[PDB]
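The listed protein sequences correspond, in order, to chains A, B, C and D.
Under my numbering, the first residue of the first sequence carries the number 1, and numbering increases by one thereafter.
Under my numbering, the first residue of the second sequence carries the number 69, and numbering increases by one thereafter.
Under my numbering, the first residue of the third sequence carries the number 112, and numbering increases by one thereafter.
Under my numbering, the first residue of the fourth sequence carries the number 188, and numbering increases by one thereafter.
Worksheet: one structure, shown below.
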Amino acid sequence: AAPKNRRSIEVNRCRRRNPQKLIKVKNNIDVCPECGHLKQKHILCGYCXXXXXXXXXXXXXXXXXXXX
Amino acid sequence: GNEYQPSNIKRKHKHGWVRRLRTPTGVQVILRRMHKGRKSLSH
Amino acid sequence: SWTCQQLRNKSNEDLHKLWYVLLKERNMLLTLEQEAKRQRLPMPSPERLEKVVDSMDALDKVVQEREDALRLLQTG
Amino acid sequence: XXXXXXXXXXXXXXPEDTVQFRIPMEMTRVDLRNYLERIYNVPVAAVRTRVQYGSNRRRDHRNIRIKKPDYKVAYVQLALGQXXXXX
RNA sequence: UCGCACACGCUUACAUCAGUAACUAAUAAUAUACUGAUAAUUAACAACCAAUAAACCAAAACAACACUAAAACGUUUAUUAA
RNA sequence: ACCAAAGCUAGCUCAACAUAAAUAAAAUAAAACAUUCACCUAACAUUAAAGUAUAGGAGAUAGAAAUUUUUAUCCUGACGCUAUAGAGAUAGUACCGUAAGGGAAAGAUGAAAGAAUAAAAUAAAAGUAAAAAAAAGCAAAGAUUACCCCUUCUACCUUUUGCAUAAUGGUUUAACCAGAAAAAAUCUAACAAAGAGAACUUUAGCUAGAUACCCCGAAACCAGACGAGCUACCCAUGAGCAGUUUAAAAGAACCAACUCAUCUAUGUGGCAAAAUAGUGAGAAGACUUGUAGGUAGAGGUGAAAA
Ligand SMILES: [Zn+2]
């Protein structure tokens, strides 16, 4: 099918703004119990964990290379 | 498919410069091409 | 100037024994030039190279015009 | 001016009696041998020549496709007892 | 699962290094298919070459043979010459 | 304030001067068409003869000749135009087509980068800023509040007897874009039985000036050439077509490659301007295919379907 007529500005605004509610803002922000950095709720920190996971990955690769 | 089957030998023989020289009408073709200021008399 | 200085001095053998040496020198000089440019390194001595180019063109023009003079002399 | 030398450019390793050169396209191997023998005073055992077609590049200002000048390269084998090393 | 070599062709796409806000591969990852600069293998491989004049009958089908549709390419001798 | 307009300069048109051969048509006009047709191909100066003598389906129209009159150079530009105008041209390039051929778009800071001097920031488009109390609206006006509800009204244009019409055209904005011919006449002036710059008219004429007759569009015709790298046929030279049952059988039938496209489904601005999946035919023959060639439009080819 094809549009009968061109859309007015008002209809476009009312359609693209109100019903979609834009982006609903909740609070995901929580302070890390360890380093005190701001991170997401119900989730592990992105500071004191990713570095320890990379150090654990390097230690696992070094142990796997030393065992072989 | 397509109507085009590229060949260099056929192109150089048929559309070539020597072929244009062998016929007076071809000389007229080169003539009008040089009159139009074509940079290439042959593709 | 330099061209005229070459033309006023008349030697048949010495000329080739000169500009062939300068040409074979330009060969190695432009060789080092090309090897420098293709090595992704700046030109160590562009000035001397340009001077060698201009001088080689000059001497080649001298030999050319001298040969032209000789041929014109033998023709007429 | 017609010829030049290239050593550290080629990735192929042939330090023993093998030298690489850029030559003119019209010059035959024999004339190259004689020229290299008489002018630079060195013996030449063999000559192997090949033609390198020039790469092309466009120009956006005039909207015109252009091509770099074609080249020809040669590989000379000299007399025994010589080693070519250059940077 | 279906593809490696020979081409007619196709006119540096490719290999290395460097840089990717931007364009370029409908995005990212990145890059054999982006920018910039710099590398681009030989030959006994493939193209390019003797003039003529004579001799001879009974096809090819892993073919003594047979059949039909009455037979892609083949050799020898002599002269001149490079 | 955002995409944006606005600020200059190349560039050219035209006039003048200098310097291996051989009757082309047709569309069209005569509102059909058939004799006919200013014109165009090359030579062809002014005034007057003259739109006359003649010619012509005596239709349209075509149209002289005899004869007449004429004149020395030196003195250059614009009441022509600017990026939609003037050449297409910062170029016959990029790009398209096998080819002949067709043919574009494209620059601005300042005296000096010495890179923050400028001066407006208003064209169509969304951001600074959405509809708002149980209300109807070809989109406004009269009232009313610094906003709105209520009351009063059937878009424009084109085509038509008649359209808000469910007849036509338009997304919006900018820009571009389609009435240029004086005979007789009316009128303003010169002179007057004469006017008018050696040419014509004339019982108030004659001379000069000023007033009315716009564009786009075919299907086709003719001429000169380009096209058999698609496809149709053919010439020359090469290559290809497992396996199984079998009485001698390149012999029969089945069945992979390859060559075809029976049926169904999917796909329907697509994977694709002829497809994919399943299935089906030929598959030693009138078979398939590579390369090198030949045949074209007052035709060729065609196991023949216009
Ligand atoms: Zn943490």
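Where is the CB? At the ideal position from N, CA and C, for every residue including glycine.
At a cut-off of 6 Å, would you count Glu146(C) as near ligand 1, judging by its Cβ distance to the nearest heavy atom?
Counted from its first residue, the third sequence places residue 146(C) at position 35. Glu146(C) Cβ: outside cutoff for every heavy atom of ligand 1.
From what residue to what residue does the beta strand (DSSP E) around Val229(D) run?
As a first step, residue 229(D) is located in the fourth sequence; it is residue number 42 there, counting from the start. DSSP places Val229(D) in no beta strand (DSSP E); its state is neither H nor E.
To the nearest angstrom, how far is it from the Cα of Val163(C) to the Cα of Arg137(C)?
Here residue 163(C) is taken as the residue at index 52 of the third sequence, counted from 1. Here residue 137(C) is taken as the residue at index 26 of the third sequence, counted from 1. Whole-angstrom Cα-Cα distance: 7 Å.
In the DSSP output, what is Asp30(A) paired with across the bridge?
Counting from 1 along the first sequence, the entry for residue 30(A) is found at position 30. According to DSSP, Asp30(A) bridges with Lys39(A).
Name, in chain order, the residues that DSSP records as bridge partners for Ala1(A).
Within the first sequence, numbered from 1, the residue matching residue 1(A) stands at position 1. Its beta-bridge partners do not exist; DSSP assigns none.
If you measure from the CB of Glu10(A), is any heavy atom of ligand 1 nearer than 6 Å?
Residue numbering aside, residue 10(A) sits at position 10 when the first sequence is read from its first letter. Checking the Cβ of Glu10(A) against ligand 1 gives no.
Are the beta-carbon atoms belonging to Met212(D) and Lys259(D) less than 7 Å from one another?
On the fourth sequence, position 25 is the one that residue 212(D) refers to. On the fourth sequence, position 72 is the one that residue 259(D) refers to. Against a cut-off of 7 Å, the Cβ pair of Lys259(D) and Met212(D) comes out as a contact.
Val231(D) beta carbon less than 7 Å from that of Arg220(D)
As a first step, residue 220(D) is located in the fourth sequence; it is residue number 33 there, counting from the start. As a first step, residue 231(D) is located in the fourth sequence; it is residue number 44 there, counting from the start. Between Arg220(D) and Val231(D), the C-beta gap is smaller than 7 Å, which places the two residues in contact.
Taking 7 Å as the cut-off, decide whether the C-beta atoms of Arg101(B) and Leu109(B) are in contact.
Residue mapping note: residue 101(B) aligns to position 33 of the second sequence, counting from 1. Residue mapping note: residue 109(B) aligns to position 41 of the second sequence, counting from 1. With respect to the 7 Å criterion, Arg101(B) and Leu109(B) are classified as neighbours on the basis of their beta carbons.
For the alpha helix (DSSP H) holding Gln116(C), just list the boundary residues, first then last.
Against the third sequence, residue 116(C) aligns to sequence position 5. Per DSSP, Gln116(C) belongs to the alpha helix (DSSP H) from 113 to 119.
For ligand 1, any of its heavy atoms closer than 6 Å to the Cβ of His37(A)?
Here residue 37(A) is taken as the residue at index 37 of the first sequence, counted from 1. Yes, since a heavy atom of ligand 1 falls inside the 6 Å radius drawn around the Cβ of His37(A).
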